[PDB]
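[1] In the first instance, please consider these chains from the complex; the rest will follow:
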Amino acid sequence: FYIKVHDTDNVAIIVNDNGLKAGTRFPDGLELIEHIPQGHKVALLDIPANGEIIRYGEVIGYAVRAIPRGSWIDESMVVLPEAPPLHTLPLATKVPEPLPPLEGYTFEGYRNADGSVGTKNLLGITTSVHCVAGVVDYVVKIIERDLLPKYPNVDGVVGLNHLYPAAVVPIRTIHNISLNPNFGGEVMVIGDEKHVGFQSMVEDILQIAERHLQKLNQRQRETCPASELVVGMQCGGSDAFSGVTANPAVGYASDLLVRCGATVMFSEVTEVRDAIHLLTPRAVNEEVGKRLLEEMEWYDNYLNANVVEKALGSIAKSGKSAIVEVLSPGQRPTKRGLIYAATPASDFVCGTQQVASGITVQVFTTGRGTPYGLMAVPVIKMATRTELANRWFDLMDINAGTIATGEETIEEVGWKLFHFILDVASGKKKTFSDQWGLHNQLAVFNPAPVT
């Protein structure tokens, strides 16, 4: 088997483990001239010198010399196309017609006083930026082992720590995380007498904390429309199958959520940067397009195989819907649909920033056995290959590798993911991250220098 993503492609990827040896033939009639490993590209037709190399329906490079059919195309046989300037990129030149809406889909969630719906019932603890740091982590640890077990309806407790002139990103991120629907309607804020005492201070905090736990323990889930979901998507260990299996499937589920009237988010500026010329045309208008370019140059400025090919594989998670809004690190959306939330690719930082943007569910695609997870929101981990789903059967919540062998289609895995999202949001199924407690501490993005 070989996988051809788009119809106009002139190259394909080998899926067979160990690759395919010379002599192997395919239905169309071509034949390999040499051995080609799995994940590497093969020429479908004879491509001439300086000839375009097409994959994902776009130019990923040019041939350095004439490449014969059925030959292995290595990174040394291609010339990368230099990315064009940002002021020359087309904006809103091809906004697709909205697909027919999906109505009636629901999930059991926790309705908040502000109208938002949480997928989890958590206790949030924070402190004013002018108070001392270290009290929140100490109190959260005591609440987890001494009180949390007495309130089973409470999914957990999360500490929101501030960092110790231009550092607006970290402050905005911590304040917006406390507005996430999984915290409900009230996060806890902790901050004359000759002898006060530290132990005394903590005793008072634990009394306030037990009052909140008793109230959260009495909350119940109610049937809510799928339009109240906010789903975030990010990549973990980039793989040769990421853009041909998991990513396209996530993009199909992304389009289904947009049709339900929900909010989907894709981030990672470093992962989509070399393909921004394919996102700008999908902006609903120019102000949203220029706002998209503004985030690209901000990150290029902050930073002081085929990168274009990998970027095309990442944007596959965005699906085909229109980009209705662009967010800066830690901002919250004001519109519903496909949103672009600028964030670093670094897994724990991306997750923390998406949680700040208000996601209630996160989908994490990966080609490596990573124990990534968050307590703030349930993390659905999708494998890119079947070999990976079998090796880490207790980490991979869903397998997209069935697309590479033709056993399942992008549409089938996409719908399977959509239904998995509603079941996780309803608490009917627990992701492996929530089953084993794979929760890594929040990592706020701090682009400002440390004093």
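    Structure received. Numbers count the residues shown, from 1 in each chain, chains lettered A, B, ... in the order given.

[2] Dihedrals phi and psi, residue A:366?
    The phi/psi pair for residue A:366 (degrees, to the nearest 10) reads phi -170, psi 150.

[3] ok, it to residue A:152 distance?
    Using C-beta to C-beta, to the nearest Å, residue A:366 is found at 31 Å from residue A:152. The way it works is simple: take the backbone N, C-alpha and C, and place the C-beta from them, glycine included.

[4] The two: which has the busier surroundings?
    Just comparing residue A:366 and residue A:152: by other C-beta atoms under 10 Å the higher neighbour count belongs to residue A:366, 24 against 8.

[5] The more buried one against residue A:237, yeah?
    Yes - here residue A:366 reaches residue A:237: they are 4.9 Å apart, a contact under C-beta atoms under 8 Å.

[6] list the contacts for the nearest residue to residue A:139 once chain neighbours are set aside?
    Excluding the flanking residues, the one nearest residue A:139 by C-beta to C-beta, 6 or more residues apart in numbering is residue A:205, at 5.2 Å. Listed by C-beta atoms under 8 Å, 6 or more residues apart in numbering, the contact partners of residue A:205 are A:135, A:139, A:190.

[7] Tell me if I am right that residue A:142 is in a strand.
    No - using DSSP: H, G, I helix; E, B strand; the rest coil, the assignment for residue A:142 is helix, not a strand.

[8] And the helices in the stretch 101-250 of chain A?
    In the stretch 101-250 of chain A, the segments counted as helices under DSSP state H, counting those that start in this stretch are A:135-146, A:168-177, A:198-216, A:246-259.

[9] buried set for the third one?
    By that I understand helix A:198-216. For helix A:198-216, a neighbour-count test (16 or more other C-beta atoms under 10 Å) marks A:202, A:205, A:209, A:212, A:213, A:216 as buried.

[10] Reformat the residues you listed as TSV; add distance to residue A:447.
    Output for those, formatted as TSV (distance: C-beta to C-beta, whole Å):
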residue	distance to residue A:447
A:202	34
A:205	32
A:209	33
A:212	33
A:213	36
A:216	34
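
[11] go ahead and place chain B:
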Amino acid sequence: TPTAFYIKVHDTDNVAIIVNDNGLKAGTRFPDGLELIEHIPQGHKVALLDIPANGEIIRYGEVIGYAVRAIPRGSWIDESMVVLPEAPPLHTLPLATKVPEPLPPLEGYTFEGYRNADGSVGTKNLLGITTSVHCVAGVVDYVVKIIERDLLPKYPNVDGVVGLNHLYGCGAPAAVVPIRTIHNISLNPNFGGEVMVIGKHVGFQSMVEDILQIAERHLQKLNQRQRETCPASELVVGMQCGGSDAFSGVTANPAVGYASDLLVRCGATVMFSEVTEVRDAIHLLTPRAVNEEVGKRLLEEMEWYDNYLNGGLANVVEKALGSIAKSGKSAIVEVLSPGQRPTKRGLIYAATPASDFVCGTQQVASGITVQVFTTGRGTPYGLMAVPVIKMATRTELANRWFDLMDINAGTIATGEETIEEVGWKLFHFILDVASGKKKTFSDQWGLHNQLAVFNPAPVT
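    With chain B now in place:
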């Protein structure tokens, strides 16, 4: 107390600080014969003599500014009445122009510590867990949490377990600081020179079970280690400031500087950091360098940080003079870059950010086994890697946070104790903490915040 007091740091000073809570009202007289003309709050400066216009303002024996207008004696000097002196260029600062004569050595001082195979001595018996930079991250934090609740309780002689995480994506141009820092932390003596390295299908739960068996083998071996009498020369003490206070440089800092000189005399290694806190006073550290190469190396770290950073305003030069007071009077024998380890013994300058958790993490990487943390605020700062001795600047603070302040230096402001007395009291407190005879409040309540490696490179 109806006894009015002011604290004059150096003999040549023409200004002092009011110590009485609520300050001193006009009419109050002092032994020398001075008298206040107006009310002056605590922490604020008072003129000891009539200072003329453009006249020098001296504190800590150095010029902190010039008077905007003629200042009469016994008057309150606010930050709007002084003009900061333009700082001179770094290439024009004198190097090794005044290296003090080495003081007579202190012999016989010891502490009960854990001798390592490399010759170092630890003050704590910890389990270090790390992973190769090419492996996936998140496994160490998960395993450490399971070891703390399921195995650690079975091995009481083990003080605790610490996870050492690398950077998300790496192999370099500027990302040498975080790699060097994580590698040097595993060489810290409190890990005993034996950190754990972790990195039909098996599955994730199965992988962890194997790691817990390797972890239980290490805990059983560490649980059998015992402390041995070691010379105080094997100590490595780090010093940093927390909540800057008006008394920091007149009480706790000078006392820490006296204990710093005692440790140097014992043949131990002392460290002071925080580039942002000492930057506006570098012209007083450069002359104490043992030689020019160490002096230019000191200026090199100042400009590296300046480059990296590219009545509501206190005097920055005045605050900096108060911070360098922790360095004492010994000679600076070596300068380190963020996360480097020393090759010489004595007073060392380890460049690090002032940010409390990052400074601590970087000093632990440099090899400190004990840290002294001065502060004027009730902070719950602490580290698991090394015991943290928290020193209060005011007696009012030591009483308000009696379960956080390990030692009180506020007795200097009221004249009940001297810099020398509090300095020796700190030195003996350090030996007792290093021996495990006394437990700091940070280790008693478990005020341990996760390590925060300094990452000056942008995150992708």
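
[12] The buried residues of helix A:198-216 again please, this time with chain B.
    Within helix A:198-216, the residues that qualify as buried are A:198, A:201, A:202, A:205, A:209, A:212, A:213, A:216, counting by 16 or more other C-beta atoms under 10 Å in any protein chain shown.

[13] And the fifth one, how far from chain B?
    It stands for residue A:209. 17 Å (C-beta to the nearest C-beta, to the nearest Å).

[14] how about the residue nearest to that residue when sequence neighbours are not counted, what does it touch?
    Nearest non-adjacent residue to residue A:209, counting by C-beta to C-beta, 6 or more residues apart in numbering or on different chains: residue A:143, 5.2 Å away. Residue A:143 sits next to A:123, A:125, A:157, A:206, A:209, A:213 when contact means C-beta atoms under 8 Å, 6 or more residues apart in numbering or on different chains.

[15] So what's the residue count around residue A:374?
    26 (other C-beta atoms under 10 Å in any protein chain shown).

[16] On the three-state scheme, it is what?
    Residue A:374 ends up coil, using three-state DSSP.

[17] Next, the contact list for the residue nearest to it when sequence neighbours are not counted, please.
    Using C-beta to C-beta, 6+ apart and skipping residues adjacent in sequence, the residue nearest residue A:374 is residue A:351, 5.1 Å away. By C-beta under 8 Å, 6+ apart, the contact list for residue A:351 reads A:232, A:234, A:362, A:372, A:374, A:379, A:443.

[18] Excluding chain neighbours, what is closest to the third one?
    Counting by C-beta to C-beta, 6+ apart, residue A:362 lies nearest to residue A:232, which is 4.5 Å off, once chain neighbours are set aside.

[19] And residue A:292, how far from chain B?
    Relative to chain B, and taking C-beta to the nearest C-beta, residue A:292 is found at 19 Å.

[20] Tell me the bridge partners for residue A:117.
    residue A:111 (DSSP bridges).

[21] I'd assumed residue A:227 was in contact with it.
    No - using C-beta under 8 Å, residue A:117 makes no contact with residue A:227, being 9.4 Å away.

[22] re earlier: for the contacts of residue A:351, which one is nearest chain B?
    Proximity of the contacts of residue A:351 to chain B (C-beta to the nearest C-beta) peaks at residue A:372, which lies at 5.7 Å.
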